[PDB]
Each structure stands twice: as structure tokens, then as C-alpha cells.
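Chains as they are written, first to last, in the entry's author numbering: chain A, 1 to 22; chain C, 1 to 21; chain B, 1 to 22; chain D, 1 to 23.
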Amino acid sequence: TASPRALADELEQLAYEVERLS
Amino acid sequence: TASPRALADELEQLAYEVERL
Amino acid sequence: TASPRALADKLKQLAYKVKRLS
Amino acid sequence: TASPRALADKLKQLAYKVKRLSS
Ligand SMILES: [Zn+2]
Ligand SMILES: [Zn+2]
């Protein structure tokens, strides 16, 4: 399964996309 | 350290805040 | 860019996985 | 209400906590 580190990496990528919202 | 359950709860709350943007 | 709803969906998916970490 | 950057900041902080867990 995916490690916590892997899940955290995905969460950081999603945060960058949230940053582009208004 | 915070529990996985506790961290998932925070993430769910933030997801709904994102949704409502 | 990705919609708020699409991003919320992925975040909810991620939360499902985080909650099941051992 | 909280801005997208504020929400993303909380998401990044949460990611840092998730990162600390071991598999
Ligand atoms: Zn603890
Ligand atoms: Zn272990």
C-alpha cells in the first residue's frame, strides 16, 4: 500500500491546485 | 503524534471548505 | 484549472486512505 | 471567509503531519 509519505506528497500537490482557486 | 483518524477528520473538514469555494 | 468540486473529491478520497493507515 | 491560499496552507500543514507517520 501507499505509505504516509506518499499520501502526504499527494496532499501537497492538491494544495498547490487549491492555491489557484478564487 | 496525531492519529490517522484525527488527521483524516481534519482533511475531510478542509475538503468541504474547498468544495464550498 | 481543477474545479473546487473536483479538488474536494480528491481530498475526500485521500482522507479515506489516511484514516486507514496502520 | 478563508481564502484558497489559507485553505491550502492548512492542507500543506496537514501533509507535514501525515508525512511523519511510518508505514
Ligand atoms: Zn500520538
Ligand atoms: Zn509500521
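Each residue gets a CB set at the ideal place from its N, CA and C atoms; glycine is no exception.
- In the displayed model, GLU19 of chain A falls within coil according to three-state DSSP, outside both helix and strand.
- For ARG20 of chain D, the residues of chain C that pass the 9 Å Cβ criterion are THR1, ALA2, in the order they occur in the chain.
- A check of alpha carbon separations from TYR16 of chain D across A:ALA8, A:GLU17, A:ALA15, A:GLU19 identifies A:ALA8 as the nearest.
- Against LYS10 of chain B, the close residues of chain A are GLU10, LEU14, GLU17, in the order they occur along the chain (beta-carbon pairs closer than 9 Å).
- With a threshold of 16 other beta carbon atoms within 10 Å, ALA15 of chain A meets it and is buried.
- Taken from the Cβ of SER3 of chain C, every heavy atom of ligand 2 lies 8 Å or farther away.
- The criterion of a C-beta distance shorter than 9 Å is not satisfied by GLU17 of chain C and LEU14 of chain D.
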